[PDB]
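Protein chains in written order, with PDB author numbering: chain A, 195 to 437; chain B, 721 to 766; chain C, 1165 to 1309; chain D, 111 to 324; chain E, 4 to 49; chain F, 63 to 167; chain G, 437 to 677; chain H, 1009 to 1070; chain I, 78 to 490.
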Amino acid sequence: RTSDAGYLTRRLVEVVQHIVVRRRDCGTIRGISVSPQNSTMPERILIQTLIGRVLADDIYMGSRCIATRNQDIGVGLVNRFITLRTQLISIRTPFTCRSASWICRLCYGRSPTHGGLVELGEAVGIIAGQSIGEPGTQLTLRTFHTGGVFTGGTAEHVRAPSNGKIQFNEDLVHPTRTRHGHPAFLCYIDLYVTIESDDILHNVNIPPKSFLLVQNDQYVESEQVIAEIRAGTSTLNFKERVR
Amino acid sequence: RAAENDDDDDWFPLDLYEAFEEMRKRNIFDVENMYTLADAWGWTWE
Amino acid sequence: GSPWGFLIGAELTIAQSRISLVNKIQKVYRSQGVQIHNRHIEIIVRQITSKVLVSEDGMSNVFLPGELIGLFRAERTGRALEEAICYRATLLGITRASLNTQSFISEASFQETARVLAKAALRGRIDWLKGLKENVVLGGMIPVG
Amino acid sequence: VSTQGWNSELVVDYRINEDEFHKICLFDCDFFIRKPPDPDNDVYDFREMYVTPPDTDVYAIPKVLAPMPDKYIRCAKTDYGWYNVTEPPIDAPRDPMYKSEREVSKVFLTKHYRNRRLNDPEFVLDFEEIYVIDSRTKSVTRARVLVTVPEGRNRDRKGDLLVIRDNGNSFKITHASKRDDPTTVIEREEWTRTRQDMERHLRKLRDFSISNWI
Amino acid sequence: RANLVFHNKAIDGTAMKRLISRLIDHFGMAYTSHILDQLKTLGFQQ
Amino acid sequence: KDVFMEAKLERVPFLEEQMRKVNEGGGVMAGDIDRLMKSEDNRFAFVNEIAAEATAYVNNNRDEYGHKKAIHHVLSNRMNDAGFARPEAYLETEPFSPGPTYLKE
Amino acid sequence: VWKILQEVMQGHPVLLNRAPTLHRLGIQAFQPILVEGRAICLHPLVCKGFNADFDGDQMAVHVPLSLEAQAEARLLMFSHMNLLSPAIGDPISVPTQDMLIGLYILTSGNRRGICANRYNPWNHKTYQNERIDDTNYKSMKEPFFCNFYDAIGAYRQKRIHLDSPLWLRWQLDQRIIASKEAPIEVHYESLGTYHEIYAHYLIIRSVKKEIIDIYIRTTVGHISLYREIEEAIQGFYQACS
Amino acid sequence: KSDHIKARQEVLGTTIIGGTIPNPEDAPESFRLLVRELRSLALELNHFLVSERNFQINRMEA
Amino acid sequence: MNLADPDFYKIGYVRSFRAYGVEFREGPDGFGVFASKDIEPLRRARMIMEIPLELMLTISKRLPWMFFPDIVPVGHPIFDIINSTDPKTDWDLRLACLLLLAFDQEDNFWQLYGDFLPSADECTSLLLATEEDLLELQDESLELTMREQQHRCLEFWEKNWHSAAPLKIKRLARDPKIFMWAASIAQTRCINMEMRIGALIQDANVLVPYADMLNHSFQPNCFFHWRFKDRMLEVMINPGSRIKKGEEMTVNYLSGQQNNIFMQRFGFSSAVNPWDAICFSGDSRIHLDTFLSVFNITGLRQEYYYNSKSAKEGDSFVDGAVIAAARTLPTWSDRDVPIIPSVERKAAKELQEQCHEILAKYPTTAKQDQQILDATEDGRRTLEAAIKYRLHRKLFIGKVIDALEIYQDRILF
């Protein structure tokens, strides 16, 4: 996994090695415009996409203009956008430059290494290739601490609050057979299974499409699965077929 | 041949929608950049 | 019409390809807790989608069909000329986009050295020494920093 | 526009000069009480009050939840603030690394003992009557202070320590000798609030019923 | 007397990274280099 | 009127030991380079200008450099025209050394 | 000979390069000094910049000869103007494992609740109770140090431990990150005293003037860290004129 | 510090004695070898230095 | 020449303002910036008066209006006043609004810096003068312009402070004489510069505390520079200029434009005015390459020099008046290589005597004469200043006549 990462770095740099910041504003008016109030991007991917970029068109609030053309987006300026509910922000990205053999200072944005406009004659093509090649080995380094056990999906389980006596209405649930081969109870509505824990009356919330694994008036221990929450299977995305 | 997560995220329809503004404010139908193609020199002259 | 129409179509196709590719690249890294700004992704993505391929029945006299001229190269002349320009699209890979470079020296030192050198010699290609690999090969000063 | 109720903030379309009122700055409101002339700004003629959003000219009488005085009472102005210290973003060099602003949420007004003077050698606060100005819901209420002193009604007013508590609700008066130390009060709530968490954490163990030791 | 924040909690790994970023943006990369040398010495001592 | 006049201006004492470790660690030069570059637009042009000035310094008065590190000389010259004493060529001495060489940790 | 090879190296940068180069910060310029032994001593903070451990690794040195090259090495590849990674703009030299543990232990605080007292402090007793306040007055409470340096001095005498709480007078504005909060208990004497007790600080206001009684409950570790940062800044500022 | 036949000797000379190190003009011997075995395959590789002030070709010899 | 109060340097010093070799004085005048110690000639520039961006107002010079030290809150009903202001004509109005706002918002730096600013009884700007004081001025075009300029601000006072006046907008100017103080301050202490904040190069009218105290002199020794990275305004000592131990350090206000009718409008009055003269006409022409030759004045109108290495101290009669009237007069040149005809009947004497007739010892109106100078009555800080302007115009005309007759006398050595 370290050789393939090294090979990808060679190819990433090869495409962009001649890309150098050769000039200031190249005289473009087309700017990629983003909509932060679509509520689609979380305020951690949206924020990381606007910081450093330079604006393409003035941003207004009716009569008041809060950010003009040729004004890079800082840290506190983004907070001024989502709070004020601005729906259109146009920025200058590498996609909007008027050339393919080089790039502009304003069509690139803030330099990520020294907190300012990118300086003339910077090998931004080399920087882009390396920064998307190095990480490639965390897809390895992050795997260089384990073997046989990985990170994937799980399922949801409900455990008893404490020792007690499960009580509920057995009439509203419909008999079933669990994927482990045990009898259980599908509930299609919100039940309220109560546990008489001597002095306490813990109420357990069971959402629909659950798999109650306990009967009425059954003694349960402290921590022990009494009802599945939702669905089942091998706790992952899509189906296969194995013998 | 591929896990079709699909999960349509930022796609757009296969119709004539968004004529004047093609994709947000991307490409307005100019009708001023290219009459001069026939006005500055001869195209409309014939 | 035909001159307007495919200018519109190619520009739309390139835009959609860029939007899809940026998100597709960034999702793999964001699913593993890796943070990289979109500048580095977009710089590569632009080079991946920046050139059109002159489709068949587009002979004319300037662009022979099968040529792989740039996007601006085609859209600036389509606004001026009136033949069958008739390009469609190329989402060139990270390997193929580097073989169609302005400098044959850089390509010759990457892959398929014999083919690149043979074609350049037969054509009589000229390298203007504007990149960074070619100037390193010749021992000359690189034009950066 | 008398001292009536009950839960209606009736609006007023007339601008009223505030150079004869009392400027009581709060978080989400701005209560106004008339200020009769006096040498040292120590009279509060309640009668007419008006509450407005912070720094706004639109006036409206507040909500009265208890009887208010109909005479001239010399009282003192208090506050209940938090001093939010949120840390703002840094844009340029030398930008501030922290913020600070008071968040006054309750303005208690304690009457003087029979409306004495500020400098006379008989200064005692009359803790029996205290009026609470809320900010979350614009309203004025009279406090319900409690006295645990064995002297009761007949006592020396030259020192009867008053204790306020959670969110400006509890009110007690205690002899000034038995004042709690700063550390004891802090340690008291820490002990109580963390003994519940420890008991809550240990409740899930199978042996919680048969246990001991806290 | 500088412009700093008096910490009163546990400065874990993610808090140290945040603090360095804020000291860099407020003072620069020339003042921060000396802070890092001092914090390294104080961290090793305790 | 604003009562913070001296609370924000009280001199921090015990700073004498946090004045020296800057001077042998190269901290003064590092904190002077950025102040010289605080007004420059392109850092590469500044570096090239410094290199050319140092080359001229080596050419005009050859038989002095080899110890003085003429780049340090030009940096000190540029820093010495606006106060900022900055001893010549940032030369370091050994005030207490009845010996040839320090151990250097 | 060594007097010469201690005299021509002062001011001549050298490029250190880690043999398995991975990222842009794998090659960095440095100001060498002569050490005794056979191994190159490297700064620990830049190690993660080199991704270098110390289980046995090799580093190649290079010497720039040209005056222009020396200017490049000194003014463009020194680890004091390359403190941010070009990926997203995050710090590349931050206190790693050992320094991080030291700073965490320093800023760990006291024992908050039941871990500091065996019995409840409600416990109506130990009041020195009688009809008058004339009894034995120990009131150990916590120390009331004037400022930082008093606290460090009292810590040097082993009078108090690192996590032993103390009261420190505050002569500045509000710095500790607070929130909506609530004052737990605000005592009010018949005379204007405004004794307020918050979650972690105490304010003694009045009805006349001079709201200067701000007291902070803290430990010597936080004081030490704040003093370290503050004096580092005020020493770098005055060292560089 | 590599291929230059004539430049290693001159840096040794200007470094024994002291002067301003001059930037080289000719390409290293690696490029000379490259043009040599690209000549063995019946192919050319010619450098040029078209001047910006006279447009006069200044073809280097290799 | 006593130094200022210690509070002057502080309050701003606590907010990162550093002055190295200067010390502002307190004596009754514009506070003034005078140096200490000696600097000796240098190479490029010595930086001084480190002034950060946070202590400014810097309204933009073109639409849209932006204030980088953000003073106006979001939705505050004073941006509507500014956005309704006519651009490109009255930049001193919105600036006055910003200055008034930076007096009642919070503990802003300008809330404290207001005390050191001149008050209504102080200041010399004509916008604070009265009717008969404006009449006391030997000028009618300037009188008309200043009478109109005292209006156009009464008008832009009742359009936004008329009996509705939200208390935010009110309490900033309760009467139309403190708004005049703010307008005069904006006129006197505004400077138009270029500010590179981030990726934005913009032109803006700005107000700079601790820098407006730099007095004026048409022979300057100070530059204004804007450090791009850390956003700081700095004064710079000129290269190759020796500095004494307490003498004046000055930065010019206007250059390449003068005539003493706009500089006087912007404060006080001209003293030497090296770019002003009175149209002569009335005669045919005078020679060009002799007025600058008798005094060894260098040509090249945009840059006129005296060449102090002239002679054995030939005269002490060079001033701004000489260098101004050496280029604003007939000055026939013809082929520029003539015989230099010493025809005193035409090339000299009577022709400038005709100028002596044209300048017939103040023949226009002569409302007053030598009696006016040093009337020994100081008052109101605006009277005796129009009198000062009259004195200085009369002195300029008299010294121009004197220089002309010295020139016409010395054409033969």
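Ideal Cβ positions, reconstructed from N, Cα and C, are used throughout, including at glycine.
Where the alpha helix (DSSP H) through residue i begins and ends
| i | result |
| --- | --- |
| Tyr-662/G | 656-675 |
| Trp-258/I | 255-266 |
| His-433/I | 427-435 |
| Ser-24/E | 16-30 |
| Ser-218/I | 218-227 |
| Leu-312/D | 292-312 |
Candidates the options, of which the one nearest residue i by Cα
| i | options | result |
| --- | --- | --- |
| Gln-41/E | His-498/G, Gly-628/G, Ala-668/G | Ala-668/G |
| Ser-197/A | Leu-458/G, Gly-549/G, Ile-528/G | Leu-458/G |
| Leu-212/I | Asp-396/I, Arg-467/I, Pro-150/I, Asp-353/I | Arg-467/I |
| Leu-542/G | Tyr-637/G, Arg-554/G, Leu-661/G, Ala-590/G | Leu-661/G |
| residue 404/G | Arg-605/G, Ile-633/G, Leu-627/G | No information on residue 404/G is available, as it lies outside the stretch 437 to 677 that chain G covers here. |
| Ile-112/F | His-134/F, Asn-142/F, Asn-122/F | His-134/F |
| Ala-421/A | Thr-280/A, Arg-205/A, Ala-378/A | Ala-378/A |
Under 9 Å from the C-beta of residue i: neighbouring residues of chain G
| i | result |
| --- | --- |
| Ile-1029/H | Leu-501, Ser-502, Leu-503, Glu-504, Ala-505 |
Spatial neighbours of residue i in its chain, beta-carbon cut-off 8 Å, leaving aside the 5 residues before and after
| i | result |
| --- | --- |
| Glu-232/D | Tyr-223, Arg-226 |
| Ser-1224/C | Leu-1245, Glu-1247, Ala-1248, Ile-1249 |
| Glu-316/A | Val-214, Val-215, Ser-305 |
Terminal residues of the beta strand (DSSP E) in which residue i lies
| i | result |
| --- | --- |
| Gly-358/A | 358-361 |
| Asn-399/A | 397-400 |
| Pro-129/I | 123-129 |
Proximal residues of chain F, C-beta to C-beta of residue i below 8 Å
| i | result |
| --- | --- |
| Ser-36/E | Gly-89, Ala-92 |
| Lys-439/G | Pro-162, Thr-163 |
Whole-number beta carbon distance between residue j and residue i, since they are thought to touch under 8 Å
| i | j | result |
| --- | --- | --- |
| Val-318/A | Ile-285/A | About 17 Å; that fails the 8 Å criterion. |
| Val-312/I | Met-133/I | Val-312/I to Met-133/I, Cβ: 15 Å. No contact. |
| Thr-162/I | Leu-172/I | Actually they are not in contact, since the Cβ atoms of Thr-162/I and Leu-172/I sit about 10 Å apart, beyond 8 Å. |
| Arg-653/G | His-636/G | 5 Å |
| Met-32/E | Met-513/G | The Cβ separation is near 14 Å, so there is no contact. |
Contacts around residue i, its chain only, beta-carbon distance under 6 Å, and the 5 residues preceding and following it disregarded
| i | result |
| --- | --- |
| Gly-358/A | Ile-389, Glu-390, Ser-391 |
| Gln-1196/C | none |
| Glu-364/A | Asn-410 |
Residue i: contacting residues in chain B (beta-carbon distance under 7 Å)
| i | result |
| --- | --- |
| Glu-1175/C | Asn-747 |
| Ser-284/A | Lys-745 |
Chain I residues whose Cβ lies nearer than 8 Å to that of residue i
| i | result |
| --- | --- |
| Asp-167/D | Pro-243, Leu-244 |
Amino acids of chain G, ordered along the chain, whose beta-carbon sits closer than 7 Å to that of residue i
| i | result |
| --- | --- |
| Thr-243/A | Going along chain G, no residue has its Cβ under 7 Å from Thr-243/A, so there is no contact; the nearest lies around 11 Å. |
| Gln-324/A | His-459, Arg-460 |
| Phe-146/F | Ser-677 |
| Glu-328/A | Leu-458, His-459 |
Chain C residues whose Cβ lies nearer than 8 Å to that of residue i
| i | result |
| --- | --- |
| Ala-1070/H | The contacting residues do not exist; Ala-1070/H stays about 10 Å from chain C at best. |
Per-residue contacts from residue i into chain E (C-beta, under 9 Å)
| i | result |
| --- | --- |
| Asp-152/D | What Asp-152/D touches in chain E: nothing, since even the nearest Cβ is about 38 Å away. |
Amino acids of chain I, ordered along the chain, whose beta-carbon sits closer than 9 Å to that of residue i
| i | result |
| --- | --- |
| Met-141/F | The premise fails here: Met-141/F is roughly 11 Å from chain I at the closest Cβ pair, so nothing lies under 9 Å. |
Partners in chain H for residue i, counting only beta-carbon separations shorter than 8 Å
| i | result |
| --- | --- |
| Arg-124/F | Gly-1026, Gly-1027 |
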